[PDB]
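Report on one structure; see the data block that follows.
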Amino acid sequence: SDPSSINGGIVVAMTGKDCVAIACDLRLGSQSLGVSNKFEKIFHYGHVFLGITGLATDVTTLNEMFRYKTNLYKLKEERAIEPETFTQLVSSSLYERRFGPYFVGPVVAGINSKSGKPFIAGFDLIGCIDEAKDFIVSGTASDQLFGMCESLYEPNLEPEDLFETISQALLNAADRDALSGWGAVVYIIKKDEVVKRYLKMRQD
Amino acid sequence: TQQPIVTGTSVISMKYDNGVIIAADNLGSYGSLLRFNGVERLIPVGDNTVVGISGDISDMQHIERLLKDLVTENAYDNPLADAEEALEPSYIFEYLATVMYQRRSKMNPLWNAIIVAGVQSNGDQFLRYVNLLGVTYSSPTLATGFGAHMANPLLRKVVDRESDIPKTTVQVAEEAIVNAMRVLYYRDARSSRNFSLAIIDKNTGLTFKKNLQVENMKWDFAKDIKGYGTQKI
Amino acid sequence: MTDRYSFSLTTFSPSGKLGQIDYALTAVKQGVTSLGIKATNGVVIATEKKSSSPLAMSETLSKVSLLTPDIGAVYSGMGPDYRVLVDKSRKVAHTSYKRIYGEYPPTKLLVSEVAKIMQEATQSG
Amino acid sequence: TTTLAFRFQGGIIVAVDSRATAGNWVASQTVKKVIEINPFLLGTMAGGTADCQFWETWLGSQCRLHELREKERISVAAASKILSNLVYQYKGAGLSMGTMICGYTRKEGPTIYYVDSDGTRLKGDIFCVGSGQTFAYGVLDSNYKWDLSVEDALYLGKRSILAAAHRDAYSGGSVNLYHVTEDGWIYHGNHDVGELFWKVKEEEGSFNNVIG
Amino acid sequence: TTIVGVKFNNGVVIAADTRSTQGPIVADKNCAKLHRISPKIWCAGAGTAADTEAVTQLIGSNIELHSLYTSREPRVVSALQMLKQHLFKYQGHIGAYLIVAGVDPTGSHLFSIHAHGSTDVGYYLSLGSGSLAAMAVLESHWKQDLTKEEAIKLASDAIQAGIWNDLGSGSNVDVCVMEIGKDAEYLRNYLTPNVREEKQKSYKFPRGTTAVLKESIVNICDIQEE
Amino acid sequence: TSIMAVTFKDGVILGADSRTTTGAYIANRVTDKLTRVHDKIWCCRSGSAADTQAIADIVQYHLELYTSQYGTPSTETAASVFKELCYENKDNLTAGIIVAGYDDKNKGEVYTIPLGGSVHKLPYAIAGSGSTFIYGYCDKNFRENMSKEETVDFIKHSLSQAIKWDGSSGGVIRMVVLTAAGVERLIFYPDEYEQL
Amino acid sequence: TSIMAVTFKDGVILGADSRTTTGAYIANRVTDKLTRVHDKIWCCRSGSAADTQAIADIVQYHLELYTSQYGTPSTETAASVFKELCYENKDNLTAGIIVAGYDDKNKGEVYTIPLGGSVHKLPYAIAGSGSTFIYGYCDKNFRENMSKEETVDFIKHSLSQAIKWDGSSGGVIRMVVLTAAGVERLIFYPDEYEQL
Amino acid sequence: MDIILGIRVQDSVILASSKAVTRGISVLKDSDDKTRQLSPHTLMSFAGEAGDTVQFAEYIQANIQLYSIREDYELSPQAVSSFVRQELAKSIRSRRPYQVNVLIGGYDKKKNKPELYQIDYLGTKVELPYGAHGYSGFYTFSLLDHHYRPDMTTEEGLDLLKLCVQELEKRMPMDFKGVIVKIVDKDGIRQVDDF
Amino acid sequence: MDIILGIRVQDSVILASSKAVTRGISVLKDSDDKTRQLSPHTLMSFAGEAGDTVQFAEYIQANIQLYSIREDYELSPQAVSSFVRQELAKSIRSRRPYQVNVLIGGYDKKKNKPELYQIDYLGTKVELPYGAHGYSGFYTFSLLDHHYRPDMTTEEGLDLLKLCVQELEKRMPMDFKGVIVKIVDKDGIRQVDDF
Amino acid sequence: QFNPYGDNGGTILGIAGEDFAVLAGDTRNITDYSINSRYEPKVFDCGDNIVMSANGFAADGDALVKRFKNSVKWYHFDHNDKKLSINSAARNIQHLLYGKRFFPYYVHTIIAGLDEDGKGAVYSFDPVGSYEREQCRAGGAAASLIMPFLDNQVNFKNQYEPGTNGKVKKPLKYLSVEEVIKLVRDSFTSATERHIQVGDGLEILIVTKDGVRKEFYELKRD
Ligand SMILES: [Mg+2]
Ligand SMILES: [Mg+2]
Ligand SMILES: [Mg+2]
Ligand SMILES: [Mg+2]
Ligand SMILES: [Mg+2]
Ligand SMILES: [Mg+2]
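Respectively, the protein sequence lines represent chains I, a, A, Y, H, N, b, J, X and Z. Going by PDB author numbering, the first residue of the first sequence is number 1, and it counts up by one from there. Going by PDB author numbering, the first residue of the second sequence is number 1, and it counts up by one from there. Going by PDB author numbering, the first residue of the third sequence is number 1, and it counts up by one from there. Going by PDB author numbering, the first residue of the fourth sequence is number 1, and it counts up by one from there. Going by PDB author numbering, the first residue of the fifth sequence is number 1, and it counts up by one from there. Going by PDB author numbering, the first residue of the sixth sequence is number 1, and it counts up by one from there. Going by PDB author numbering, the first residue of the seventh sequence is number 1, and it counts up by one from there. Going by PDB author numbering, the first residue of the eighth sequence is number 1, and it counts up by one from there. Going by PDB author numbering, the first residue of the ninth sequence is number 1, and it counts up by one from there. Going by PDB author numbering, the first residue of the tenth sequence is number 1, and it counts up by one from there.
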């Protein structure tokens, strides 16, 4: 009944020293029934990464929408969109549906190509921006993720240390949520290299 | 299950170095009608306890009779009724707390919030809360209804934790209480200017003050306020 | 009433000329001189305040106008046409950009939006 | 939840998962869903956890009183009916219960009774109860034979819970196995689903849809 | 949320806490609730957080265009009128509760605005879940002819009352001072009385702790030449 | 809310308390409920604050535009504009407005517009939650052609009682006097009117 | 319903209208709402007629049995019996009763028992739907130790206004005077009190 | 309607769909074909609210056939499924949404690969080796999880499908009157007339 | 439970009762016997709410068996049905009524006549040549109205019953997993093990 | 309509060591958005080396603890001052809770102590009396924030030994009382940061063969 918890799933993002990390589970379900273990929730438009939790049809729709908009942006601006600018575009786009919203929990992550500054941001379903220095969480196990991140996180982690921290935050949060899990992906993002890692986890 | 009809608003209280203070206004409201203007909502039990009651007045009057009966009963076959075996604040509270929880458990509550303020045999300050649900808690400052939202923040600036209690005199405590009552009169639509205040001190005993009034009020600044935005005249 | 001019007033002549555009350019030619120079660390735009009367307060007539905090504009030709274009340019900088991306448009894109408005007056009814 | 029990040549196999949830929140992964009524009788726990716990421990007390008075082991028929008659008295009040009362006696042989909080009492060969019951039934129905060995029957029960644990969001944690004989039940260990899944996937070649 | 506004001698000050919540969970511990409508007109918002930021940007955008059109610095009464007529039209469905303050050629001003479109004038105001705790402090210590230093002190003390006593408020105090004939000074994290203590343990993991199935390089670059 | 308007020999006086409540919380204790729609046409507001402010702002706009074209409007005209808004939008409004004004031809006039959007011209009018408690007092004490001082006393005493009994009313008593001489604002504090 | 009881120098007087309505229909226009529970202890009834009649009958029984054993009861005692019934059966009753009586030791006394079942001893009391409109008037005009003629005028004028504004009230004004001299019934007709 | 299954094997996609049409108390028909051919190598089965199912299916069919004529080209299964998803994603926020769940089984002639897409009425799309809608998955997925291999032949797929239908016929309360089975491969679409 | 039928022929009463037992989503059993023998020549089939059905049936069985021992005598079918009706008529105004419908098929050894009684959960009793509960009658009564004769043999009754079950299996949405058939005659009660 | 239940917030945590057990809980008591008390003890010594906390609706919580303490008293009277073992206490509490099955104590109960072999023990109850022995259990408002952290840091879930890459799990080595207290403090510090109902103070009761010891720590008061 509650649209934001029909399909399930989670996203988490963190900042480190000259790097950002964003991660998600792979589950799609119809309430109790598991339907897919390959439903990735992180997308990217150039060097800007977007994770989306919530109602899966809207997750797909918004990804297709932001691909649409960032492609036109690039043609007109003659440059790739930056994380700070994209964050405002997500906010704008969500609020235009103020009284008929997309049931989603977006998360932006990336590094500004000019300043080199790591950036993360979160939103509610209606467009309010949460721009945290440390971490952003979203999805059906957001409470669990808040608990994990709050204790595990420390500032200025190196890329390969940040990977371990965000991976353990996701995994243990997802294992305490019925509607999350069935696999996981972690992106480690530096100024000009991005590594994608699939994690081994319990399949129940 | 019922609904409150005639009601009393905030009861506020706090601990200080040698005892406790408790206060409550003299109004009995009938919805938005300020019906009864001479209602005493602080009820002393002996010379060491004062029970402050908010909420339904008919239930208050019932509780008042229970406490009156409790004193009578304690005196029966009790040569030390006015000495070692007198009623303690802790005895009076525990009795009320038992009654309140039993009544909620029969789905027929006494529609009240109660604060028992007093001083024990060994000189210790007693201050504890109980309500229609049977919920109980203690704190250096306690308040009911609107008092909880407006009085507590002010009273907590004087006594913020346990260690602030010995540093707080009766003059400072009474001042803080009287100011809180003024603030409640400004901001609570079901309050009155007239109130009662009781001090229970381990040295000077029970001082019960009736017919107090909120004074030193600021209203002059109202003359300059015009319209709701653009109006100048 | 109703605007019953739903057809183009600018059309191609046999020689391939768009007469009304050429004539508009003639009106620009008659206008007071304005100029622009780009430096390594800035740009300058300038024009003459041709006062219509000495009793007129020429400070109240702004030929050089702020469009955004980082963009400015100057003109040659018909002043009233310029004034309304500045109004439309300031608004379009907000509606079609700042209210979407949370920042002011780059120079080239605001220019693109102004150009689009001027193009439509060349084809619309 | 996923609980099953089935009769076969070597007695009864009882297999359950271990997960307990409050909404989407996983409260526990270590729930004991097989109640040990006594050394000879087992009960499964689905529906209300307290209701099953409380009343099946109580059932054990009634069974003990029976055999003290009658100097004879209580039948599975009689034991199950004590429970079903009890819950029928509470019908309407809101008890939530779906259980299999399992036992192996001389006069009956291996016997399973499905007992329900609406008062249902059914004797049967294969029962499967919980949010993941449909998944476990599939594996059971296609692989069940009366002449299964104790080793194969134990695996079938384990594999059927695993099937449910994988697909049903509210089933998982670990698998508890029991084998009920005439001389009493025998516990066959706690098996973490996380480790069991990968083990079964490799050895069996199943779950090709999942990347390991 | 706890937000206050206090008039003083030569201007007005507004303040706010920095906690935003979804239910009982703290979403952001250092949220910025002081919004800019124009350089010298600032407002603080309680209620639906998207609505408060959305309605302040829209009016702030239209105020800027109005300022350019009229060649005059924006007035607080204009922001007030535009906000209330927008909010009234949506009959409370836009859940923005604002305290609007600023200076303009007319003088210094302080208003409040409820979501249905009603407005109020005052020398001291408070809004949000911690407004009762804040108003208690304001009613206890406010006087006529406050100085700048006294008003900042009173405003932040009122926010502190909310921080400590209201569960909906917490973390830090943001302040913005708008004085006549001066630039408005935005004091982000004016007070910081809620720094977390050092943890007992470091939870940095040994490298190789997490099990990995696959690694790959993600192509973020565009299609290459040659 | 306790509001009233009373005609007298030299014109009309509007009176009001200053309390605005959200439930039992007093959101504003120094509210100005006497609002100006024209130089010598004012109104007292009761009901939804958002609605009555929205209506008053629209009326002020209408009377400003009327004045630019046709000169000073009558009090009747102002009441008609109020009525038109209240009647036509009765389904979506909660507004009880008293309109009071001074002409030189008509002198002091009072019109009351209750919830439905009907209009009633009266010698004096009372409204707001607190008015219920003073129907008896006002009926017994009102006289026509009172002096300025008598009318101030009548309003002060009336609203004093309304405040005393109604929890939704309180604070200061504001008044606005409308005569040929001009527009005079009066304020009376609790320490004054409570002892009456 | 409009009911009131007022203490004065020589004792106490109870006053009431005579209208009983079923919706907008006046089921009885000559009702006697002043009821006798003892020789010099009477009461005014408001709320459910069935409930207040049932209660009054039970109280009268209790005070009759009290008198047989312990002699004449006090007015306080009568009020306590009323309260006991109203408080203990609050869930199933809709009764607002004013109790008035005359002792020689205590003289005139008035107790009001509102819906909840609480008791309040007062110099005078007002109740019933029509009482809302005369809180202002009664507060301004009541004095302690009035004469019999002054108290009759006070009640007559008060209930006159309550009747004027409340549709649920009307008919005749009945009164019962309780003093050392005895029990006197008074009645006042519309043609008398309407012109006040 | 009720049960619709799908399985993608080595070289083909197999769709199984029930034959029963029940209007409340009576079974009105026991030979209903709950499928439409969108293009020569693309088949769509459907289940949901009465009327809406066929209306939606034929509407999609018309649109794909229109595209095929305009461009003289068959859209890929992926492209068709994306079109269908958008229509349903548009539909869910309409005045009256289409209450229709679909499976799209196609053979991509460019990639020489079978493809199976599962899309529910909300516009939730997933590519799968095997899929179902409604309660069908609850009974069948445990069998498919166990036996499925990506290198299965069409004959092995049909045998695994028979086992799934047998389990449905055993444990489901409703009588769905058997299934119509259709195979989609490089040669197009054909119906298995004995099942 | 679901379908229970009854038919009284020349010299016997035949009761047919479904074998399915469905708890919501799954069919838990497909061999359930929804009948109890009250006395050697009296059989009662039952359908209604879960738990209540068997509880009621066994309660009646115990009472009739108690009477049989006390008096050393078998009550007539009419007498047993009147006892059962009263129990249900008492039950309907209870705190929690038995939600159970029954058919009582008996052979009266005194009159040498078969007898079939239909009683619903309200205590509504009717003696019939053929009867049913729930929706069973809606499908079968038109066939029974046409073919029924009071002088039918037991074999002819079974054939007419097969035609009724076939119509049920065709038009009913639910799969009731066939029926258990039992015959009541002068020699007592026996089960037809192939149907 | 009268609602007999309320929510007083709070969070509790029980951890069983090898030869000890801890039961911790914050000292904040609340209704809605108000603080009732910054120090209202929630974890209680019930005698016989048993500690208990009934978190949730404080009235039902106090009632249950009071009745259990009373049960310990009468256990001594009736059975010759025999020590009530932790397993026996647990079963007794089930019957107290289930006694009100149809009008429940709206609390999540946890007890802690030592079993009859001297090893650490924690038992966890739902509102109607279903219970289980556990190694680790958080209860109340911030339970969902704390348990995943405990799975990772106490049971070493999802942690493997470096170099093996998922093949060898991190071994489950026993934790000292000093190590457990560190994890308890960090759990509540983190919970205080992200949950509005958690704060003010943390009171920990530690149970060993020597008896019951108390430790108090300040928490953030916002
Ligand atoms: Mg999981
Ligand atoms: Mg699962
Ligand atoms: Mg409105
Ligand atoms: Mg007042
Ligand atoms: Mg789908
Ligand atoms: Mg906190």
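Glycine included, every Cβ here is placed at the ideal spot set by N, Cα and C.
- Linking b/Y25 to b/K83 through their CA atoms gives a straight-line distance of about 31 Å.
- Secondary structure note for b/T22: its beta strand (DSSP E) is the uninterrupted segment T20 to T22.
- Annotated three-state conformation of J/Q37 is strand, per DSSP.
- Per DSSP, the unbroken alpha helix (DSSP H) holding a/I177 starts and ends at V170 to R187.
- DSSP places A/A27 inside the alpha helix (DSSP H), whose first and last residues are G19 to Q30.
- The three-state secondary structure of Y/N24, taken from DSSP, is coil.
- Counting only unbroken stretches of 3 or more residues, the beta strand (DSSP E) elements lying wholly within the region 91 to 174 of chain I are 104 to 111, 118 to 123 and 135 to 139, in sequence order.
- Here N/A79 is not near N/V30, since their CB atoms are 7 Å or more apart.
- Along the region 103 to 124 of chain a, going in chain order, the ones with a CB nearer than 8 Å to a CB of chain Z are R104, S105, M107 and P109.
- Approximately 5 Å separates the beta-carbon atoms of b/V172 and b/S18; this is inside 8 Å, confirming the contact.
- J/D175 belongs to the set of residues whose beta carbon lies under 7 Å from a beta carbon in chain X.
- Residue selection by CB proximity (closer than 6 Å to any heavy atom of ligand 6) returns Z/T192, Z/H195, Z/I196, Z/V198 and Z/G199 in chain order.
- Taking 7 Å as the upper bound on Cβ-Cβ separation, chain A lies near no residue of the region 90 to 112 of chain H.
- Spanning the alpha carbons of A/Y23 and A/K49 requires a straight line of approximately 24 Å.
- At least one C-beta of chain X is nearer than 7 Å to the C-beta of J/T22.
- Residue contact check for I/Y102 against chain H: no CB pair falls below 7 Å.
- Assignment of a/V6 by DSSP, reduced to helix, strand and coil, places it in the strand class.
- DSSP, read as helix, strand or coil, puts a/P44 in strand.
- Comparing C-alpha distances from X/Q10 to each of X/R70, X/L122 and X/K186 shows the shortest one belongs to X/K186.
- I/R67 and I/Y45 have their C-alpha atoms roughly 7 Å apart.
- Annotation: b/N141 is outside any beta strand (DSSP E); the continuous alpha helix (DSSP H) that includes it extends over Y135 to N141.
- Cβ-Cβ distances below 7 Å link I/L89 to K69 in the same chain, with the five nearest sequence neighbours on each side left out; the list follows chain order.
- One finds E193 and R194 in chain Z with Cβ atoms closer than 9 Å to the Cβ of H/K29, taken in chain order.
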